[PDB]
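As a plain string of letters, each chain reads:
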Amino acid sequence: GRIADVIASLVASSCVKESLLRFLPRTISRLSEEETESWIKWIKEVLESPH
Amino acid sequence: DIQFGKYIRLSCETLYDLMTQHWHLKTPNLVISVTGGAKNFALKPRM
Amino acid sequence: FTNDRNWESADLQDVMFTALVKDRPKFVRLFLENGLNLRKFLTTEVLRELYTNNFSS
């Protein structure tokens, strides 16, 4: 998946950025820095509970 | 109904009450495809 | 095809045609899997072109 692979791979901001860039490179460039920071926050919230 | 099927066409629980009695029975289980459908999806054999 | 970046799958028809004449079945299967209506792609004009010229005498 475009983003499902990111979540699968994760289960740090730098590592999250690396995974997000490698799995979905093109779409990120269009997105603004603040919006991708918010997306990283969302992914953090998801990754809080892995069960 | 619709032709190609009832459509409530309601705006944003109450629907469930009508659904249970009028149309079909209660569910032992439920499944949801949260992810939406992209304009182009790769339909490889494994999927 | 994996990235799903910039194509609506409508222009692919052109490339598709070439495969059919260049005997590249794997690319045919790949195009079909990633979204292609062979019924819509197949038309009177396409079939006429395929039979008139590409068909061995």
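Residues numbered from 1 in each chain as written, not as in the entry; some residues may be left out. Chains lettered and ligands numbered in written order. Part of a larger assembly, values for the part shown. Heavy atoms only, no water. Residues with missing side-chain atoms left out of burial classes, pairs and counts.

Structure determination for this entry, per the PDB record, employed cryo-EM and reached 3.26 Å resolution.

Draft legend 1. Quick look at the overall build of chain A. Each helix and strand in chain A was counted, giving four helices and zero strands. Along the chain direction, N to C, the helices and strands of chain A fall in the order α-α-α-α. At 10 Å, chain A has a C-alpha radius of gyration in line with the 10 Å of a compact globule built from 51 residues. Judged by the C-alpha coordinates and their principal axes, chain A covers about 35 × 20 × 15 Å. (Helix = DSSP H or I, 4+ residues; strand = E, 2+ residues; numbered from the N terminus. Rg over C-alpha atoms; globule rule 2.2 N^0.38 Å.)

Draft legend 2. Highlighting the packing of aromatic side chains. For the structure on display, the rule yields four aromatic pairs over all chains. Taking the centre distance of 5.7 Å and the plane angle of 65° together, the rings of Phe1 of chain C and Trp7 of chain C count as edge-to-face. Its relative accessible area of 34% is what places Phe1 of chain C among the partly exposed residues. Measuring from centroid to centroid gives 5.9 Å for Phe1 of chain C and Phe31 of chain C, while their planes differ by 80°, and the two rings are edge-to-face. Of the two residues, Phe1 of chain C sits in the segment before α1 (12–22) while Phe31 of chain C sits in helix α2 (residues 25–33), which places them 30 residues apart along the sequence. The ring of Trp42 of chain A has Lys41 of chain A sitting right over it, with the charged end atom 3.3 Å from the ring centre. (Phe/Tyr/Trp six-rings, centres within 6.5 Å; stacked < 30°, edge-to-face > 60°. Buried < 20%, exposed > 50% of the residue type's maximum accessible area, 1.4 Å probe, protein only. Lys NZ or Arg CZ within 6 Å of the ring centre and 35° of its normal.)

Draft legend 3. Quick peek at α1 of chain C. Residue and element names in this part refer to chain C. Buried within α1 we find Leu12, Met16 and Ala19. Down the axis, α1 shows its buried residues gathered within 55° of arc, on one side only. Exposed side of α1, more than 90 degrees from the buried face: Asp14 and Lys22 are the residues found there. Where α1 is buried, its residues contact α2 and α3 (38–41). Immediately beyond the C-terminal end of α1, within one or two residues, lies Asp23, with a positive phi of roughly 55°. (Arc of directions from axis to C-beta. Contact = heavy atoms within 4.5 Å.)

Draft legend 4. Main features of the nonpolar core. All names here are of chain C. Listed in full, the eight residues of the largest apolar core are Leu12, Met16, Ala19, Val28, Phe31, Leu36, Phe41 and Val46. Listed by contribution, the elements that provide at least two residues to this core are α1 and α2. For this core, the element with the highest residue contribution is α1, accounting for three residues. If we ignore the near neighbours within four places in the chain, the residues touching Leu36 are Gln13, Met16 and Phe31. (Core = buried A, V, L, I, M, F, W, Y, C linked by side-chain atoms within 4.5 Å.)

Draft legend 5. Seen up close, the packing of helix α2 (residues 13–23) of chain A against helix α4 (residues 33–48) of chain A. Residues and elements named next belong to chain A. The N-to-C vectors of α2 and α4 enclose an angle of 105°; their axes lie 11 Å apart at closest approach. As far as their axial angle goes, α4 and α2 are roughly perpendicular. Across the interface between the two elements, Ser13, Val16, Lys17 and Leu20 of α2 pack against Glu33, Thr36, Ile40 and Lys44 of α4. Partitioned by chemical class, the residues of the contact of α2 with α4 number three nonpolar, two polar and three charged. (Axes fitted to C-alpha atoms, helices over the stretch in contact; angles between N-to-C directions. Parallel < 35°, antiparallel > 145°, perpendicular 65-115°, else oblique. Nonpolar A, V, L, I, M, F, W, Y, C, P; charged D, E, K, R; others polar.)

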